[PDB]
Amino acid sequence: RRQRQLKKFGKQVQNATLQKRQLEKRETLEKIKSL
Amino acid sequence: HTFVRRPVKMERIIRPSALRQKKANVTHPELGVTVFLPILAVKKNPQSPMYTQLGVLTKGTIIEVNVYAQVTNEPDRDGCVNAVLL
Amino acid sequence: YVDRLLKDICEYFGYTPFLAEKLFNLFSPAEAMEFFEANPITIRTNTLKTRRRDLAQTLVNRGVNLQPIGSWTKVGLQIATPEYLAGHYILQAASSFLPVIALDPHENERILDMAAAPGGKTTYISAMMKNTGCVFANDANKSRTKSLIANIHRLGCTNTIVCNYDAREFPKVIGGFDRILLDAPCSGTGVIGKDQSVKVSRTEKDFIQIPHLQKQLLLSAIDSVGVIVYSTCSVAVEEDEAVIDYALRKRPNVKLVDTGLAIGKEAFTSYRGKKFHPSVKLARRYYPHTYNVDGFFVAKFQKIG
Amino acid sequence: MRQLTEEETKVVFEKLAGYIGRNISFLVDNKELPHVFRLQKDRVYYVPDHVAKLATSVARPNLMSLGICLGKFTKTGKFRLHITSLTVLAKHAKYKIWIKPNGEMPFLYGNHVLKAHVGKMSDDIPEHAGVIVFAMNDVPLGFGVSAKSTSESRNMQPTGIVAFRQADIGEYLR
RNA sequence: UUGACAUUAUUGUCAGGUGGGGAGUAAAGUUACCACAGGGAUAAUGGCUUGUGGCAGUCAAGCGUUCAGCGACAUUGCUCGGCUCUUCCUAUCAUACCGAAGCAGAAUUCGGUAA
């Protein structure tokens with residue numbers, strides 16, 4: 001009841017993680033540039 | 001390009017010493033003078049916490065210099081570390 | 001007067017005149033310049049595991065040149081290897097030996113410490129104690145506590161206790177009736193030739209607060225006790241020969257005792273019709289240029305009451 | 001922070017049972033200077049009884065170390081031994097090993113012990129029994145699980161591994 | 001367990017620190033080193049390629065709602081080698097010609113045609 005869902009969402013999980021990391025990087029860069 | 005038995009918990013990610021530079025080019029935005037000074041420590045390397053732990057010098061990294069400054073250039077593509085005092 | 005000589009020191013060395021003025025009280029005309037001339041590498045042998053004589057030849061196997069340090073003790077040698085990690089010796093400045101020389105330990109007794117963050121003094125005391133009795137260690141810097149425990153484990157004292165709390169609260173914790181150690185609380189520090197930050201980063205607020213804090217540290221130390229030994233890595237009068245005056249005035253139970261050996265200088269005589277000096281002339285001082293050891297002060301007292 | 005439970009001492013001695021046989025009983029029966037075991041948030045130390053008695057005056061959050069640190073209990077309930085314990089293990093080392101003076105640096109770097117170093121390691125050492133290393137100085141360098149018996153290690157290619165390194169004095173280089 | 005108090009040495013009281021041991025109103029998360037195993041999809045000229053850098057500032061063809069931003073060229077601060085016969089390219093060492101250079105002659109340097 002878990003491995004099938006993990007396999008199905010593996011691509012979605014990777015995309016979400018990459019998007020979150022990129023958003024964090026952009027937020028940090030903007031905060032640095034905000035000064 | 002990065003900054004440096006000291007390693008403890010790192011796996012086979014050996015970094016050649018050629019990629020290690022002790023000095024960076026520091027410029028003051030409010031002053032028309034620039035000084036070449038040693039790199040003290042990396043504060044926050046973006047794009048990864050592991051990059052901060054390993055001391056990488058990617059663009060945008062915040063560092064400290066022996067008088068905080070942020071690197072603005074890409075050292076991996078030119079071999080120099082240009083930083084602007086914050 | 002001819003202030004050009006004073007200007008030369010501030011010009012060449014970039015020293016702030018505010019701090020420089022403290023080193024011109026009826027001294028030699030170039031005393032400040034002489035002070036900056038020095039502004040050595042000494043290693044203390046670990047007698048617990050290996051004698052200095054054995055280390056006087058084992059290190060030579062790699063071509064390392066060593067010489068005895070001054071005349072205080074032969075335990076140290078003056079100029080990453082497995083010997084370093086073996087605990088056979090610890091890198092320690094010759095100045096750091098004087099607090100332990102004055103603080104002569106006795107076997108089976110307990111030693112109380114306040115700010116031995118580097119851990120060299122505690123390890124030397126334990127070596128003199130031959131791992132007997134108990135040695136306390138304290139430091140406000142939580143991060144530096146790893147240096148103390150790591151050094152103790154490497155040198156194998158086996159009788160050291162490390163705690164993190166304000167030294168002023170120490171008397172109410174245990175208050176053991178034994179000798180206590182205080183070292184290097186000064187703001188107007190000594191070895192500045194190594195601590196480059198002191199050239200400019202100094203203010204009157206530091207001399208107002210920090211000396212008035214180490215002043216209470218001495219009072220807390222005697223309360224925690226019973227030989228009392230005070231020391232500071234600075235030559236300024238604001239760090240020694242004046243702080244202990246408050247402790248002597250506020251507490252009669254403590255009496256001044258011989259600080260240490262013949263090495264070192266003493267207080268000055270007087271200034272004509274303008275200023276004088278206290279009765280703390282027994283205090284011993286050192287300079288980074290007159291002697292190999294950096295600027296340092298040592299004092300010893302006994303609690304009669 | 002409390003005195004070690006009798007059950008915990010069983011596991012503590014079991015871990016010590018590897019590098020030290022039943023002689024470990026000679027580590028507390030001396031009685032010349034009594035010693036007790038104390039723990040501080042899963043970290044255990046070997047401390048004299050008299051010095052440990054007065055240590056209770058300090059609150060647990062402020063005490064960082066006491067006596068000589070031996071090991072620490074893992075979150076899963078197992079026990080691991082730190083390099084700091086190497087100081088005491090030298091007194092009762094049942095099995096010992098050594099490494100070449102020109103090949104000790106890799107050992108200090110965490111590398112395993114190779115057969116390239118040959119000699120007269122203590123006989124009767126089991127295949128996986130723990131061992132302790134010395135240089136020219138009888139100075140402990142570390143401890144780890146063995147990989148081959150005395151006979152197997154001697155009659156082996158120099159490139160073969162003879163002991164698995166798990167702790168060494170190099171931890172103090174940081 | 002530290003300090004004070006009183007008794008032919010010594011035993012009790014007080015004060016203070018500590019106190020998942022006991023009395024009454026311990027474990028779960030965290031971790032981008034997470035390491036060992038489980039599993040998801042990659043990774044095997046779009047005319048590519050070359051001689052003049054990086055970060056910082058003025059100088060500014062013109063665009064920024066009028067032009068809220070950007071921005072060429074010089075300028076400034078430190079800074080697996082090594083064998084063999086043949087064919088072919090020019091980004092040519094020599095032979096041929098020409099121009100420039102304090103080219104007195106000699107010799108020399110660069111550039112252009114030139115395989």
# chains A, B, ... in the order shown; residues from 1 in each chain; ligands from 1
$ interface_residues --of "chain C" --to "chain D" --cutoff "8 Å" --atoms "only C-alpha atoms" --output "list in words"
residues 80, 85, 86, 133, 134, 145, 149, 150, 153, 154, 156, 158, 159, 160, 161, 162, 163, 164, 165, 173 and 174 of chain C
$ interface_residues --of "chain A" --to "chain B" --cutoff "12 Å" --atoms "only C-alpha atoms" --output "PyMOL selection string"
chain A and resi 18-35
$ write_last_selection --atoms "C-alpha atoms" --output "PDB file, in the first residue's frame"
ATOM      1  CA  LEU A  18      13.435  20.588  -7.484  1.00  0.00           C
ATOM      2  CA  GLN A  19      10.839  23.371  -7.588  1.00  0.00           C
ATOM      3  CA  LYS A  20      11.073  23.905  -3.824  1.00  0.00           C
ATOM      4  CA  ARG A  21      14.873  24.050  -3.947  1.00  0.00           C
ATOM      5  CA  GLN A  22      14.824  26.513  -6.850  1.00  0.00           C
ATOM      6  CA  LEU A  23      12.260  28.689  -5.063  1.00  0.00           C
ATOM      7  CA  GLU A  24      14.399  28.694  -1.914  1.00  0.00           C
ATOM      8  CA  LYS A  25      17.472  29.675  -3.938  1.00  0.00           C
ATOM      9  CA  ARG A  26      15.571  32.496  -5.645  1.00  0.00           C
ATOM     10  CA  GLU A  27      14.185  33.735  -2.323  1.00  0.00           C
ATOM     11  CA  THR A  28      17.656  33.790  -0.764  1.00  0.00           C
ATOM     12  CA  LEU A  29      19.113  35.600  -3.781  1.00  0.00           C
ATOM     13  CA  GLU A  30      16.318  38.190  -3.750  1.00  0.00           C
ATOM     14  CA  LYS A  31      16.726  38.742  -0.004  1.00  0.00           C
ATOM     15  CA  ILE A  32      20.461  39.283  -0.501  1.00  0.00           C
ATOM     16  CA  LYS A  33      19.778  41.689  -3.376  1.00  0.00           C
ATOM     17  CA  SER A  34      16.989  43.429  -1.440  1.00  0.00           C
ATOM     18  CA  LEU A  35      19.630  45.338   0.544  1.00  0.00           C
TER      19      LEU A  35
END
$ closest_atom_pairs --of "chain E" --to "chain A" --cutoff "12 Å" --atoms "only C-alpha atoms (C1' of nucleotides)" --output "JSON lines"
{"residue": "E:32", "atom": "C1'", "partner": "A:21", "partner_atom": "CA", "distance": 10.7}
{"residue": "E:38", "atom": "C1'", "partner": "A:3", "partner_atom": "CA", "distance": 9.2}
{"residue": "E:39", "atom": "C1'", "partner": "A:7", "partner_atom": "CA", "distance": 7.4}
{"residue": "E:40", "atom": "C1'", "partner": "A:10", "partner_atom": "CA", "distance": 5.6}
{"residue": "E:41", "atom": "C1'", "partner": "A:11", "partner_atom": "CA", "distance": 8.1}
$ closest_atom_pairs --of "chain B" --to "chain D" --cutoff "9 Å" --atoms "only C-alpha atoms" --output "CSV"
residue,atom,partner,partner_atom,distance
B:5,CA,D:109,CA,5.8
B:6,CA,D:174,CA,5.5
B:7,CA,D:174,CA,8.4
B:8,CA,D:171,CA,8.2
$ closest_residue --among "E:37, E:56, E:5, E:73" --to "chain B" --atoms "only C-alpha atoms (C1' of nucleotides)"
E:56
$ closest_atom_pairs --of "chain E" --to "chain C" --cutoff "10 Å" --atoms "only C-alpha atoms (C1' of nucleotides)" --output "Markdown table"
| residue | atom | partner | partner_atom | distance |
| --- | --- | --- | --- | --- |
| E:1 | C1' | C:174 | CA | 7.6 |
| E:2 | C1' | C:174 | CA | 4.5 |
| E:3 | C1' | C:175 | CA | 7.8 |
| E:16 | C1' | C:172 | CA | 6.4 |
| E:17 | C1' | C:173 | CA | 4.6 |
| E:18 | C1' | C:173 | CA | 8.7 |
$ write_last_selection --atoms "N, CA and C atoms (P, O5', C5', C4', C3', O3' and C1' of nucleotides)" --output "PDB file, in the first residue's frame"
ATOM      1  P     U E   1      29.290  12.778  50.176  1.00  0.00           P
ATOM      2  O5'   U E   1      29.484  14.328  49.866  1.00  0.00           O
ATOM      3  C5'   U E   1      30.152  14.760  48.688  1.00  0.00           C
ATOM      4  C4'   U E   1      29.792  16.182  48.339  1.00  0.00           C
ATOM      5  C3'   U E   1      30.132  17.232  49.386  1.00  0.00           C
ATOM      6  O3'   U E   1      31.488  17.640  49.342  1.00  0.00           O
ATOM      7  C1'   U E   1      27.911  17.550  48.652  1.00  0.00           C
ATOM      8  P     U E   2      32.256  18.074  50.689  1.00  0.00           P
ATOM      9  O5'   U E   2      32.124  19.661  50.718  1.00  0.00           O
ATOM     10  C5'   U E   2      32.859  20.471  49.813  1.00  0.00           C
ATOM     11  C4'   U E   2      32.281  21.861  49.713  1.00  0.00           C
ATOM     12  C3'   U E   2      32.228  22.662  51.005  1.00  0.00           C
ATOM     13  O3'   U E   2      33.466  23.265  51.339  1.00  0.00           O
ATOM     14  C1'   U E   2      30.145  22.812  49.905  1.00  0.00           C
ATOM     15  P     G E   3      33.997  23.242  52.857  1.00  0.00           P
ATOM     16  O5'   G E   3      33.183  24.409  53.573  1.00  0.00           O
ATOM     17  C5'   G E   3      33.482  25.773  53.312  1.00  0.00           C
ATOM     18  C4'   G E   3      32.446  26.695  53.906  1.00  0.00           C
ATOM     19  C3'   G E   3      32.232  26.585  55.409  1.00  0.00           C
ATOM     20  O3'   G E   3      33.200  27.298  56.160  1.00  0.00           O
ATOM     21  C1'   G E   3      30.138  26.602  54.313  1.00  0.00           C
ATOM     22  P     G E  16      18.889  28.250  51.761  1.00  0.00           P
ATOM     23  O5'   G E  16      19.997  27.829  50.697  1.00  0.00           O
ATOM     24  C5'   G E  16      20.846  28.804  50.110  1.00  0.00           C
ATOM     25  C4'   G E  16      22.031  28.174  49.423  1.00  0.00           C
ATOM     26  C3'   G E  16      21.718  27.161  48.333  1.00  0.00           C
ATOM     27  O3'   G E  16      21.366  27.758  47.096  1.00  0.00           O
ATOM     28  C1'   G E  16      23.383  26.286  49.754  1.00  0.00           C
ATOM     29  P     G E  17      20.404  26.978  46.071  1.00  0.00           P
ATOM     30  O5'   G E  17      21.376  25.951  45.337  1.00  0.00           O
ATOM     31  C5'   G E  17      22.413  26.418  44.488  1.00  0.00           C
ATOM     32  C4'   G E  17      23.311  25.296  44.027  1.00  0.00           C
ATOM     33  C3'   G E  17      22.638  24.156  43.282  1.00  0.00           C
ATOM     34  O3'   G E  17      22.370  24.462  41.925  1.00  0.00           O
ATOM     35  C1'   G E  17      24.145  23.280  44.883  1.00  0.00           C
ATOM     36  P     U E  18      21.056  23.874  41.210  1.00  0.00           P
ATOM     37  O5'   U E  18      21.333  22.309  41.123  1.00  0.00           O
ATOM     38  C5'   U E  18      22.438  21.806  40.385  1.00  0.00           C
ATOM     39  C4'   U E  18      22.680  20.346  40.671  1.00  0.00           C
ATOM     40  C3'   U E  18      21.508  19.413  40.407  1.00  0.00           C
ATOM     41  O3'   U E  18      21.384  19.056  39.041  1.00  0.00           O
ATOM     42  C1'   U E  18      22.435  18.933  42.528  1.00  0.00           C
TER      43        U E  18
END
$ select_by_dssp --residues "stretch 53-277 of chain C" --states "helix (DSSP H, G or I)" --output "PyMOL selection string"
chain C and resi 53-62+82-86+94-102+120-129+145-155+167-173+196-199+204-224+243-250
$ closest_residue --among "E:46, E:22, E:64, E:54" --to "residue B:71" --atoms "only C-alpha atoms (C1' of nucleotides)"
E:54
